[PDB]
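Next up: just one chain, as structure tokens, the form deposited in one PDB entry.
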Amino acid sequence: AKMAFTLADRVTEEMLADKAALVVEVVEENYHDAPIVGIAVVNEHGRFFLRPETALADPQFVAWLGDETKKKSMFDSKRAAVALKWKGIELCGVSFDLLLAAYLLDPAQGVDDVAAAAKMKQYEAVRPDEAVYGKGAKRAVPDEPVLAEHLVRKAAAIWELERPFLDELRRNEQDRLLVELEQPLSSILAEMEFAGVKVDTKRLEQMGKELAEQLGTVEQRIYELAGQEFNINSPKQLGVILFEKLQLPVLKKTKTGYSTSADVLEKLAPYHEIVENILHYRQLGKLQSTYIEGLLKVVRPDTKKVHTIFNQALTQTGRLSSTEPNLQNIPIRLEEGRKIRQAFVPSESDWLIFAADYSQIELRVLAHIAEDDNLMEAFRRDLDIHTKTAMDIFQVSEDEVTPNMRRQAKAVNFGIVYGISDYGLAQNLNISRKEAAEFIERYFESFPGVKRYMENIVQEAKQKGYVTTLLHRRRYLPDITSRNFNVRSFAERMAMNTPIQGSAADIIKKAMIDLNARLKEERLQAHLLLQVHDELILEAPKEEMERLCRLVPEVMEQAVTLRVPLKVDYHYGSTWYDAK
């Protein structure tokens, strides 16, 4: 039966109590400068629905929203906070965010709406958002009666669920993680997203023109060498040309056909001149379609800024993700793509971009957690970790390490940092699974502490059912007991990797909170723009660079205290590209 509530035509005092579940509904997935379709408030006085036009124009309600002493419980408060920021309204006092609470309790559940979170506690008196709004082209805000009941039911669920969610977090020893880390970070992410990053669109357009030129040249060359025209961007069509018309060997196949991935094309290059051209085409095409045209599509015409959205409740490792646009994967490895970064500039005249990154934070975290004497000593001496790993696994002095040895040691470390299988390592180094496994073995012989940790963490995951990070983030691994070798092995690798990657996530998140506190104490105009897993990107007046060179690295390095030092490198320049 329907849920009782007052569909108010004006704001009343009882709607402004010092404790309430609040819903400020933004239906558009991208909430930047998006519409607020409705508001719901549930407190000790009852349940209320308010039309945005009314509430947001009412000075009492606005003041209530901005009053830090008036506590609010919400679901995805960042969405509401940002939508309100675009309307010039401040949201304060959010003491509980159900989305973040559910995320910390179990990232694997994929909770993306109130209904999903509520179902965790057998509460189902609320509908999934998709059921109410639909999806895709059929998505739309329903009539007021339907909308009002939905927002009220969501607010009611939040009101009822706060206590049980907080109680379980306390049992998991995650209450501080929510209240002292994720919730405060949510507000910082809101400011970053709202600020956005300025884009030199003319620069991007110029690069695009140039790429279009090169693409046309290589495209014709490809048809030339192929003896016919075909859709190069079609793995299917390309596969027929390469493996049927040109008879190149089939070294790898996909579930549906011939593989044409770069790793495969690399091996085929010697056989035909068309290959190198296909590779060149893939590189330029990726830049053109994804980084030039893609970025240009989401830049705001009025300010020339891009406003990403950081998904704080998605990854199972505790990392943040970025969308519309994704600003965590802008090219940097190859010089060609790297130039894309020249397009990201300061948002004000005479300001500069400042970037600071942790040096090998994942392996330092591993040295700390595993308490491996060799690895800890390596970082205490601040050694080149890849040269050092090569020295130990290949049993040679430092001057005996060749470039190829270091490359292979670096690939092994990559595998450790990301928890890839011996198969993954074999493909990465183009060697046999046996040889790959062989390197792993040599690594454990030289880093016995790491081997002990891996064995111990796997047993711990099996016994408790989950693994944890430095700040108590948790990840359940039900597959660790599977009688299927591949499935179980993956779970075991995640058991060892999550504490590493997840703790690194915990650290940079706390650094972000500590940094903003310091920037405020110092009254610096500098502010965060982006987080890219192990690095922070800021912009600030050129006159603040010297102070940032000392402040940023220090705050980041001191975020937590490990058995080994943390080290942060930094650079600044006129564009993101120049902050190298």
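For the two forms, the rigid core is made up of the largest set of C-alpha atoms that agree within 1.5 Å on superposition. When you see a residue number, it is the position in the sequence shown, counting from 1.
- On average the C-alpha atoms of 211 to 219 have higher B-factors than those of the other stretch, with 211 to 219 and 116 to 124 being the two compared.
- Looking at 103 to 111 and 304 to 312 together, the entry lists the larger mean B-factor for 103 to 111, computed on C-alpha atoms.
- The residue among 158, 425, 195, 363 whose C-alpha atom has the highest B-factor in the PDB entry is 425.
- Each of 66, 553, 59, 38 has a CA temperature factor in the record; the biggest one is found at 59.
- In the deposited entry, the Cα temperature factor of residue 6 sits in the top third of values across the chain's modelled residues.
- Residue 45: CA B factor in the highest third of modelled residues in this chain (values from the PDB entry).
- Residue 346: CA B factor in the lowest third of modelled residues in this chain (values from the PDB entry).
- For residue 70, the recorded CA B-factor ranks within the middle third of the chain. Only modelled residues enter the ranking.
- Sorting the modelled residues of the chain by their CA temperature factor places residue 204 in the highest third.
The same protein also has a form deposited in another entry, omitted here; what follows describes it.
- No residue of 446, 95, 421, 347 other than 421 has its CA displaced by 2 Å or more between the shown form and the other one when the core is superposed.
- Relative to the superposed core, residue 256 undergoes a C-alpha shift of no less than 2 Å between the shown form and the other one.
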